[PDB]
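> The structure that follows is given in the form of structure tokens.
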Amino acid sequence: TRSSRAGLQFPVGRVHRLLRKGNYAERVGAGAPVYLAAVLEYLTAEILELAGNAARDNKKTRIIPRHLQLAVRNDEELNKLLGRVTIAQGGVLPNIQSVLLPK
Amino acid sequence: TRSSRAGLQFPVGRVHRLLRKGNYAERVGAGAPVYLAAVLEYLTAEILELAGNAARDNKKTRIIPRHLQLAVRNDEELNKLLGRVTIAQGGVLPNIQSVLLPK
Amino acid sequence: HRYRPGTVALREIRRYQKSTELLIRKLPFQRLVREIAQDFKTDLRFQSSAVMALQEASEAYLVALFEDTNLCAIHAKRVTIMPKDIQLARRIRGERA
Amino acid sequence: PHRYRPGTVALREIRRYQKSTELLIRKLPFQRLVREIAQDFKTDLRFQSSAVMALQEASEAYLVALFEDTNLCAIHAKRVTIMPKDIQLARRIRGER
Amino acid sequence: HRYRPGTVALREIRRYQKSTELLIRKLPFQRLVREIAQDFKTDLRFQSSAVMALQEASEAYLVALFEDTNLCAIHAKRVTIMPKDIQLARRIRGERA
Amino acid sequence: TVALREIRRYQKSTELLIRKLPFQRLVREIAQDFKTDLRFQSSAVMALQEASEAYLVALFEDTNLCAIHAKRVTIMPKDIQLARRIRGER
Amino acid sequence: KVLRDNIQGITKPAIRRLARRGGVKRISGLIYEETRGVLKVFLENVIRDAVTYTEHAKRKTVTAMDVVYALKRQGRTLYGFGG
Amino acid sequence: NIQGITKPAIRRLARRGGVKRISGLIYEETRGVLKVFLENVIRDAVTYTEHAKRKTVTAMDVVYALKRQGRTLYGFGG
Amino acid sequence: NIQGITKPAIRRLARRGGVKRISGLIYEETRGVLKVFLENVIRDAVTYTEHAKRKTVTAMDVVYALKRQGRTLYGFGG
Amino acid sequence: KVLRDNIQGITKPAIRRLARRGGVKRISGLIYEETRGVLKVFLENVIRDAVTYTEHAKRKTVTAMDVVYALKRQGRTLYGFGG
Amino acid sequence: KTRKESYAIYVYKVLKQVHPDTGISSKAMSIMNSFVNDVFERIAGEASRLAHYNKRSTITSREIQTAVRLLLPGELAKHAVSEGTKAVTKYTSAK
Amino acid sequence: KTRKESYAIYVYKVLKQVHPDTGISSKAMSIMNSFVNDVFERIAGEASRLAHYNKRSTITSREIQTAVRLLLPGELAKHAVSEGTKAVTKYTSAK
DNA sequence: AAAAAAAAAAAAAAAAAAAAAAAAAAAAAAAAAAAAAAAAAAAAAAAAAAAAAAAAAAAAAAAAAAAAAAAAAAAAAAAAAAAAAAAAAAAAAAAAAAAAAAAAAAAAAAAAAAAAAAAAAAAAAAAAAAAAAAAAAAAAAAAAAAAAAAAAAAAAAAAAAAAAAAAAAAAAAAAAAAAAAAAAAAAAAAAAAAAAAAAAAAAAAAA
DNA sequence: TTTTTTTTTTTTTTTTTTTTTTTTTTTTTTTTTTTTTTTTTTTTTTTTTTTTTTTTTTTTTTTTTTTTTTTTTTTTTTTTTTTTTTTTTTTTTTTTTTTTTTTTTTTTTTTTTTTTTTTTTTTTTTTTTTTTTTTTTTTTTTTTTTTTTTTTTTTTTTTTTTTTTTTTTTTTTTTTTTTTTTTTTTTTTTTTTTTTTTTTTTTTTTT
């Protein structure tokens, strides 16, 4: 398939059909689905690697949404990317202000 | 026979139906359907008398929207009623500018 | 025998003022609107009722255009119309820029 | 005996007023006029200051709208000293009588 | 033995930040959903997915508001919450008209 | 008295408080610092103005409300910092 | 109290200023009369609206939202005063 | 189409409207004004036709679109 | 009815927010605020539901209503 | 030519003008710096957005349409030049 | 199929009243039906907006009469309100 | 019978590459699929926005390039342009 | 300081159910050729930036006065916090019910396309003179600004009266079910009015 | 000023088609009871405008000239106009063909209904302490005002370049077909996380 012919993992014909039904332009270039597939593949690779690091931190084998939330919340700019976004079984990080603890 | 009891023609039961299926509010004073019916017979009677006069003057037993547009356009107030309202194939009165007239 | 400009013109003015029926030939403008309506959606059948209503809406808009255009030409000290009148008029009305 | 060209202060205050958004109507005379028409219709109506002020800016906006329409019609009419004929032309084309 | 004020609060705070779960059992929340739903139309069968997402979203939103008020109290040099805090938080969030 | 006189006077109108010359100067500063060889739009400059004062004054009153929520009339930078914190931007 | 001759409260300089707001450059001395007349007629329209509204408002006091109602009736929709 | 409406057609229209003398550019200028108005009308028509999941723009939907544009016209069985 | 949100539950959620000392007044007013939140979401969701022309609400309606305000949530396969 | 220092050049009194526009009566003097910071970050964001638009347009100048594109992109809804 | 709403009988009898012998055109009665619908639409909308301006959810004759005096010209308005009073008193006389 | 679509195979492969010895919760998977669809629609809608802005009814990877430059944090953006250009050039050289 | 008290983390064993992997269904994309239209390349063109300069003046910056407001401290009330206790309902799994919503078919509309007939709309050429508009003339009107003056405006204060809020009735409007037919859909009859042909007379244009 | 030339407007006769009544029915309304609560109703008041006067001066009105603007004429050019002939493409009736929205109804799937017990929560009550508020100092920062100038703002000028139209050939993407191959679903397993239980030590609170 053209996926291999571009050296990617994503479904090029399927995603092109997605773009077609998208109703965004009458016609489009051929490499555009390749390009978007590549960037999405990069992003998913990054986020899954961070989640795997998190799973190492809590010493687990599978992947939990809480791991995802911890990973994203640890990095400031990634959070900025997912600003107004929230996640099922998200949770929040342990964050306590200085004066809150007793003395 | 609510209409006969109210002394009009338009169906008070049906007009009240159209009122409350207009879903305007929950409870309704009973005078509203009768009053609305009455004002409608008044207005249709006035416009119909004007149309009949225009038709018979036009030597036309049948009422035509030419007659209706004549009636509306002669009366400036009735024009005001149909301000942003136009007539179906009524047509324009002969209203020629003064200078365009032959000498 | 030759007739100078203006007389038969005004005769047609009054004849078309008394008349109201469609002057635009039905099928050509029907094709016009069929092709215009096709610009967005496809597999559109077309019942003649909406067709005729569209024609009449267009024609009423047009007659408003002409009456106000002639009025504007009067205001501009003319009896011949050039398009400056239509932009002025529609801008006064508020539709165009 | 200082003399500016006829219209110099006019245009200078043209920019000044366009760059300003202040009510030009004198407030007490406006409230008096509001009272005048209110008495014309039905007396015993307490005059809210907010209602009267709202009337003031709404009336002035209606005014200024008619002013650009009339002035631009006159300019289209190859004139700048607007005279009442342009005014009723503006009123008629707006539809108001 | 009786514990000093604050210990329970901090311990539960820590355990909840460790925790990841809803802190409202379903049935009252579902019943509230049901009694608010028909206020527009009766006989609406509900999706469990829908209602669960509703619960989660409500919880997230209110937790966000909680941190909002916590920051407010920090700004207040106070360690106790009170209504004008949430009023300010809502205003600055701008969700309230 | 004079400070609150300035309050009412500056809240009166919608004219452009800032001056064209320095504002355009900052425009070219924040332009050339990234990419060269750009001819600007005066209309773009006007939009830059309008947006800048709009956003700033938005911050101005809402931080003012925060500071009165801080029970005081003299402002503090941390008031602005909290305001932007809830504003959700970073 | 009833007052007459109140359309002249928009004095000649006031009319000239309002014209300058609309961009009118040169003004004939005849403009002021017609402007007074049209202001009179439309403002009578709006106060008729207000009088009707207040008479049905269980009120004997024309108020701001009454003016809003009169405006929105006469094709003058706008923000600012509620709704 | 836009020449399925011809110059003599524009003449007849202008005579109905009382216009006497016409410029050439008037023809195409008015044709374009018709184009834009008609296109806005049909855009509302179709959006609330297939909004009402219909393959064909109904005359009643036309009535709605025109009444939205404040140009109400009677005689369509509402 | 609306009191289904127990005040100890409110204390627990405050602890999730790390709140320390909580007055009673906060309870009822926050109950009202969340009620407002809920009515917004349900009205928008049913707007989409009738827009979908069904008398059974769907989770997709819920999520789309959420996105109507940028209230994006995951884990439900839009 | 060279570009330098104009950002700081903003007069503190102009900022205070804007603050009285903001209705703040009493003002600590320690605000001008962070106001500079926030304004410059916002405006650099928008100007870089504009530059990105223009470079994909292959045009050597800027456009107000691009300006409003960036404005709405960050979420600063505003008509007047469009819509 | 469908029993589409119409006012043909009522308008026809109104005709037979105002002009005892007068012909008809189908488009004329369609105009009449659409016109009556429009009257209902505008009057009802104004009446509801008035009823909510003074904070009441009961559709009484009071707000419809105030709306019609807002809308109809003086002659038409006063004649309409007198007609409404007549008709309502007639019905209240009966049951 | 409903044929709902996701990216379980694709996300599973990515899981393998970044962490060969790991599993997954289907909840996290649903989150990931919604994320995929979300980012896709955001970027594509902005591409269509550009298609209107540029007066061109066509989009290329260059369009997407500008769009992602708009949409993503700087470091991620430059990484992104790296792989996007690489993949596009690789495929174009390839067939 | 120092020690006990929960408490909570670390480790470990049972256990259960989730993840996932092989096979089948199926549904859809790669590959293939034809082509028809958007865009690129480019040359010209003209519109706007922009670079710079003097002239006018205004905004601001520093210094000094000054003053109020914020922050720190003291101290007391109390009200959430933190114990105890009793109580009840959330739930979780099973059993029940019932119905929301949809594919295949089906009956029925609803447009669309063509033959082609003829038939008047539209086209064009070609004459041609009138009108749009410039050049120029006549003129009149209104705008500018110094004076004088009317009264608006800013600011305080007095009162009575509109109506807003607080309890409380009534009464008015709604809900449901049996009684009962009405307002629309079809058929057929008939007469109102266009069709057609022509006559009377009156604007149009030449002398 | 008189006379010709259409050209329209008017009257008779045919027909046709549209209107109007009469038949069918079913889908809508009336009546009656029952409920009930919104809407009104009465009191309290209170504020909220209305009512006036002074002090400051601001806005309006007057006046003179000059001047500059609209209007009028004439002359030009061409701008439309008009006529007859040819072109044409409209549109109209009947026939094919599609096709296409709508609608029923089996199934099927999915939601809503009961039970219960029971437990873990909620609720409640009683100390209390830390938490909030409130009050005093004070000092210090933040401010206004004057002067100086260093600054901005305006208008030309000249450039120039930088966008912008159009035209051509290009890519190149779209369309339809076949094939072939992909993604999803089920079942099974196992393989993990979960639960519980014990041990450590770590702090909070008391001595």
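Ordering of the structure tokens sets the chain letters (A, B, ...); residue numbers start at 1 within each chain; ligands are numbered from 1 in the order shown.
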Within 7 Å of chain K, which residues belong to chain H? Use only C-alpha atoms and report them as a PyMOL selection string.
chain H and resi 74-78
> Can those selected residues be exported to a file as a PDB file, in the first residue's frame so that it contains C-alpha atoms?

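Below is the file that was written, out_16.pdb:
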ATOM      1  CA  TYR H  74     -48.521  35.905   0.276  1.00  0.00           C
ATOM      2  CA  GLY H  75     -50.063  33.007  -1.606  1.00  0.00           C
ATOM      3  CA  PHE H  76     -48.045  29.866  -0.881  1.00  0.00           C
ATOM      4  CA  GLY H  77     -50.230  27.735   1.400  1.00  0.00           C
ATOM      5  CA  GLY H  78     -48.410  28.258   4.693  1.00  0.00           C
TER       6      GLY H  78
END
> Following superposition of chain C onto chain E on all C-alpha atoms, paired in order, what is the C-alpha RMSD to one decimal in Å?
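Least-squares fit of chain C onto chain E, C-alpha RMSD 0.8 Å.
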> Residues of range 6-83 of chain C classed as helix (DSSP H, G or I) by DSSP on the backbone are to be reported as an MDAnalysis selection string.
chainID C and resid 7:18 26:37 48:75
> Give as an MDAnalysis selection string every residue of chain M that touches chain E within 12 Å, counting only C-alpha atoms (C1' of nucleotides).
chainID M and resid 4:8 79:84 89:91 99:101
> Find the spatial neighbours of residue 65 in chain B, counting only C-alpha atoms (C1' of nucleotides), within a cut-off of 9 Å - ignore same-chain residues fewer than 2 positions away - and output them as a PyMOL selection string.
(chain B and resi 51+63+67-70+87-91) or (chain K and resi 25+27-28+31)
> Env of residue 65 in chain F: 12 Å cut, atoms = only C-alpha atoms (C1' of nucleotides), seq-sep filter 3 positions within chain, self excluded. Answer as a PyMOL selection string.
(chain E and resi 84-85+87-89+91-92) or (chain F and resi 58-62+68-75+79-80+82-83) or (chain J and resi 22-25)
> Give me, as an NGL selection string, the contact residues of chain B against chain N at a cut-off of 9 Å, counting only C-alpha atoms (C1' of nucleotides).
:B and (1-2 or 13-14 or 27)
> Those residues with N, CA and C atoms, as an mmCIF file, in the first residue's frame please?

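That gives us part_38.cif:
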data_model
loop_
_atom_site.group_PDB
_atom_site.id
_atom_site.type_symbol
_atom_site.label_atom_id
_atom_site.label_comp_id
_atom_site.auth_asym_id
_atom_site.auth_seq_id
_atom_site.Cartn_x
_atom_site.Cartn_y
_atom_site.Cartn_z
ATOM 1 N N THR B 1 -70.756 25.062 18.957
ATOM 2 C CA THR B 1 -70.844 26.263 18.137
ATOM 3 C C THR B 1 -70.419 27.496 18.928
ATOM 4 N N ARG B 2 -69.150 27.523 19.344
ATOM 5 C CA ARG B 2 -68.645 28.678 20.080
ATOM 6 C C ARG B 2 -68.695 29.945 19.239
ATOM 7 N N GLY B 13 -62.925 27.948 18.442
ATOM 8 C CA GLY B 13 -62.233 26.743 18.868
ATOM 9 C C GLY B 13 -60.949 26.518 18.096
ATOM 10 N N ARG B 14 -61.019 26.635 16.771
ATOM 11 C CA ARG B 14 -59.828 26.429 15.957
ATOM 12 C C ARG B 14 -58.799 27.528 16.186
ATOM 13 N N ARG B 27 -50.836 29.251 30.267
ATOM 14 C CA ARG B 27 -52.254 29.540 30.417
ATOM 15 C C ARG B 27 -52.630 30.767 29.599
#
> Compare D:61, D:38, D:54, D:10 by their minimum atom-to-atom distance to chain M, counting only C-alpha atoms (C1' of nucleotides), and give me the closest one.
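So, comparing all the options, the nearest one is D:10.
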> Residues of chain M near chain B: apply a cut-off of 8 Å, count only C-alpha atoms (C1' of nucleotides), and supply the list as an NGL selection string.
:M and (172-174 or 192)
> Output C-alpha atoms (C1' of nucleotides) of each residue in that selection to a file, as a PDB file, in the first residue's frame.

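Writing done, so here's selection25.pdb:
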ATOM      1  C1'  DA M 172     -59.245  31.344  36.059  1.00  0.00           C
ATOM      2  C1'  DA M 173     -57.483  28.060  33.017  1.00  0.00           C
ATOM      3  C1'  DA M 174     -56.236  23.441  32.288  1.00  0.00           C
ATOM      4  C1'  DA M 192     -67.802  34.154 -16.560  1.00  0.00           C
TER       5       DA M 192
END
> Over all C-alpha pairs taken in order, what is the RMSD once chain L has been least-squares superposed onto chain K?
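After superposition, the RMSD is 1.0 Å.
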> In Å, with one decimal, what is the gap from CA of residue 32 in chain A to CA of residue 92 in chain L?
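Pair CA of residue 32 in chain A / CA of residue 92 in chain L returns 11.4 Å.
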> Which residues, written as a ChimeraX atom specification, have at least one atom at most 8 Å from residue 94 in chain B, with only C-alpha atoms (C1' of nucleotides) counted and residues fewer than 6 positions away on the same chain left out?
/C:14,17-18
> Considering only C-alpha atoms (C1' of nucleotides), extract the chain K residues located within 9 Å of chain N and return them as a compact mmCIF listing (two decimals) with N, CA, C and O atoms, in the first residue's frame.

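The new file iface_13.txt reads:
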# COMPACT_ATOMS: atom_id res chain seq x y z
N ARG K 3 -55.06 16.69 5.32
CA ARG K 3 -56.16 17.66 5.33
C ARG K 3 -55.56 19.03 5.66
O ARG K 3 -55.68 19.54 6.77
N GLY K 23 -67.37 36.81 -7.48
CA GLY K 23 -66.60 35.64 -7.82
C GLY K 23 -65.26 35.60 -7.11
O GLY K 23 -64.85 36.54 -6.43
N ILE K 24 -64.56 34.49 -7.30
CA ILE K 24 -63.34 34.18 -6.57
C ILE K 24 -62.28 33.70 -7.56
O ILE K 24 -62.58 33.33 -8.69
N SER K 25 -61.03 33.71 -7.10
CA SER K 25 -59.93 33.03 -7.78
C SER K 25 -59.16 32.25 -6.73
O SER K 25 -59.00 32.70 -5.60
N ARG K 56 -45.75 38.23 32.73
CA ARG K 56 -46.96 37.44 32.89
C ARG K 56 -47.00 36.38 31.80
O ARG K 56 -46.68 36.66 30.64
N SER K 57 -47.38 35.16 32.17
CA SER K 57 -47.44 34.03 31.26
C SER K 57 -48.86 33.67 30.86
O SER K 57 -49.09 32.59 30.30
N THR K 58 -49.83 34.53 31.15
CA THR K 58 -51.23 34.28 30.80
C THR K 58 -51.59 35.14 29.60
O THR K 58 -51.42 36.36 29.64
> Report, to one decimal in Å, the C-alpha RMSD of chain B against chain A after an in-order least-squares superposition over all those atoms.
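Result of the CA superposition: 0.8 Å.
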> Provide as a ChimeraX atom specification the residues of chain I at most 8 Å from chain E, counting only C-alpha atoms.
/I:1-2,4-5,9,12-23,25-26,29,34,37-39,42-43,55-60,62-63,73,76
> CA of residue 61 in chain G and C1' of residue 169 in chain M, how far apart in Å?
28.3 Å
